[PDB]
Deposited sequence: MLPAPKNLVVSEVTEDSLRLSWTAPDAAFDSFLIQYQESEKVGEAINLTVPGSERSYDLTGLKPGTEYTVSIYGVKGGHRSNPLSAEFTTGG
């Protein structure tokens, strides 16, 4: 399997967006933040269990997204903290 090539990182101007949540201390090893454009290709990211927020970008203007936040201990995901927002 050929590795990806030509990695480039550069500044870009767009709207940023933050998600906040509450959770018991030392309860989860990590948090699964699975978001996707409503009725569309989903993005699954994983932050450390000590985090209580994460910021998003690269979202299409004038549409709707759906976000589910899971509490993960080991590999066991808790119940989804779900929501939907308009960009």
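Numbered from the first deposited residue, the unresolved ranges run 1, 42 to 43, 91 to 92.
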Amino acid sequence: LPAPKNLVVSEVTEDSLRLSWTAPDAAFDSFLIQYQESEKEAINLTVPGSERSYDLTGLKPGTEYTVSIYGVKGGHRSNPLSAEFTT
From here on, numbers count along this sequence of modelled residues.
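Per-stretch averaging of Cα B factors for 53 to 61 and 24 to 32 places 24 to 32 on top. In this entry, the higher average B-factor at the C-alpha atoms falls on 13 to 21, of the pair 13 to 21 and 66 to 74. Per-chain ranking of the deposited C-alpha B factor places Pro80 in the middle third. Annotation for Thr86: CA B-factor lies in the middle third of the chain's modelled residues.
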